[PDB]
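Each chain, written out:
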Amino acid sequence: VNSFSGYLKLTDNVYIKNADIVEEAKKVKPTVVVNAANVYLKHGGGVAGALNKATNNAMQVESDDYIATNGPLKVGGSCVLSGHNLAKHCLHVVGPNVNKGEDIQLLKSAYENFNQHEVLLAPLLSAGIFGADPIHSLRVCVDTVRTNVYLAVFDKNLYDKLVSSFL
Ligand SMILES: O=C(O)C[C@@H]1CN(c2ncnc3[nH]c4ccccc4c23)CCO1
């Protein structure tokens, strides 16, 4: 039993809710919140900008030190950093950004990072300002992630479309 509330069950291990991931993280304080990161961990907008703002920029400060030490992530890759006031840990995962021309096949590799964590609160990778089709992202999630994932979808209209079209 866990503390996630109001989710629709899509499969054995995938759950979905119309929710602001920032507000959901603040309330649940999950072990892991996933950030929709880029390779530079520059948290300017979308989910990343929102999560970073909620940490009062502490996420960005920590991320800048990480990059100065380790260099950029790979597209499809991830790193574990602090969850600050939102979660125990933040798993920064880089989905391909279609608006940069990155290969959508890398979306499966990106979701594979979730399998290293038993339970996660996450957005749909490569959705929103990353330019991929969120219906496709949900399909890849369901077909790739085997651990327990609670997906927060900010837009109510999109949430209803994702549920109604789910196979
Ligand atoms: O899910 C969707 O419809 C949109 C997807 C997923 N993203 C989010 N997901 C879940 N919570 C989110 N709070 C946010 C606050 C500010 C900006 C983006 C978000 C945001 C956004 C990018 O694309």
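Numbers given to residues start from 1 along each chain, in the order its sequence is written, and need not follow the entry; residues that have no coordinates are not shown. Side-chain calculation: all heavy atoms of the structure are included, whereas hydrogens and water are not.

By the method listed in its record, X-ray crystallography, this PDB entry was determined to a resolution of 1.0500 Å.

**Notes on the overall build of the chain**
Here a helix means four or more residues in a row that DSSP labels H or I, a strand means two or more in a row labelled E, and each is numbered from the N terminus. The helix and strand inventory of the chain stands at six helices and seven strands. Ordered by position from the N terminus, the helices and strands of the chain form the series β-β-α-β-α-α-β-β-α-β-α-β-α. Restricting the calculation to C-alpha atoms gives the radius of gyration, and the globule rule supplies 2.2 Å times the number of residues raised to the power 0.38. Against the compact-globule benchmark of 15 Å for 167 residues, the chain has a radius of gyration of 15 Å, which places it among compact chains. Its C-alpha atoms give the chain principal-axis dimensions of roughly 45 × 35 × 25 Å. Note on classification: 1.4 Å probe, protein chains only; a residue is buried when its accessible area is under 20% of the maximum for its type, exposed when over 50%, partly exposed between these limits. For the chain, with 167 residues in total, the buried portion stands at 51%. Element-wise, carbon and sulfur atoms account for 51% of the exposed surface of the chain, whose accessible area totals about 8,100 Å². A positive count includes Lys and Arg, and a negative count includes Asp and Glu. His and the chain ends are not counted in either. By convention, the point assigned to a charge is CZ for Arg, NZ for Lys, CD for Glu and CG for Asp. With 15 positive and 15 negative side-chain charges, the chain shows a separation of 3 Å between the mean positions of the two kinds. The method behind every accessible area is Shrake-Rupley, applied with a 1.4 Å probe, and residues are considered shielded solely by the protein chains displayed.

**Some words on the pattern of salt bridges**
Between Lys or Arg on one side and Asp or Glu on the other, a salt bridge is scored when a side-chain nitrogen of the former is within 4 Å of a carboxyl oxygen of the latter. Scanning all chains against the criterion turns up four salt bridges. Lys-26 is the salt-bridge partner of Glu-23, the closest N and O atoms lying 3.1 Å from each other. In this pair, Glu-23 and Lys-26 both sit in helix α1 (residues 21-28), three residues apart, roughly one turn of the helix. Residue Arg-139 pairs with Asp-143 through a salt bridge whose shortest N-O separation is 2.9 Å. Of the two residues, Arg-139 and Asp-143 both sit in helix α5 (residues 134-144), four residues apart, roughly one turn of that helix.

**Brief notes about unusual backbone geometry**
The phi torsion at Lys-29 lies on the positive side, around 55°, for a residue other than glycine. Tracing the sequence through the fold places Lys-29 in the loop between α1 and β3 (32-37). Not every positive phi belongs to a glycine, and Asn-57 is a case in point at roughly 75°. With respect to the helices and strands, the residue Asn-57 is situated in the loop between α2 (46-54) and α3 (58-70). Accessibility expressed as a relative area gives 38% for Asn-57, which makes it partly exposed.

**Topic: the site of the ligand**
Put simply, a residue is near a molecule or strand once any heavy atom of it comes within 4 Å of that molecule or strand. In the vicinity of the ligand, the contacting residues are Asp-20, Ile-21, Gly-46, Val-47, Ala-50, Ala-127, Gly-128, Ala-152, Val-153, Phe-154, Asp-155 and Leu-158. Within the side chain of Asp-20, a nitrogen or oxygen atom sits 3.4 Å from a nitrogen atom of the ligand. Any pair of nitrogen or oxygen atoms within 3.5 Å is treated as a polar contact; in protein, a donor-acceptor pairing is required on top of that, and neighbouring residues in sequence qualify only through side-chain atoms on both sides. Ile-21 places a polar main-chain atom, nitrogen or oxygen, 3.3 Å from a nitrogen atom of the ligand. Among the elements that take part in the shell around the ligand, α2 stands out by supplying three residues, more than any other. Here the nonpolar group is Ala, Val, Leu, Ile, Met, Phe, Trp, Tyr, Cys and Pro; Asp, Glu, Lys and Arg are the charged ones; every other residue, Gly included, is treated as polar. Tallied by class, the residues present in the shell around the ligand amount to eight nonpolar, two polar and two charged.

**Considerations on the nonpolar core**
Grouped together as the largest cluster of nonpolar side chains are 26 residues, with contacts concentrated most on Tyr-111, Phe-114 and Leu-151. Here this core takes four residues from α5, the largest share from any one element. Residue contacts follow a heavy-atom distance rule, with two residues in contact if any of their heavy atoms lie within 4.5 Å. Those residues in contact with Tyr-111 that lie beyond four places of it in its chain are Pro-123, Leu-124, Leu-125, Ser-137, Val-140, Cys-141, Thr-144 and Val-145. Among the nonpolar cores identified, the runner-up in size contains 17 residues, and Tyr-7, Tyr-15, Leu-51 and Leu-86 belong to it. Residue types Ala, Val, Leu, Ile, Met, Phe, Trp, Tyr and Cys, when buried and joined through side-chain atoms within 4.5 Å, form a set referred to as a nonpolar core.

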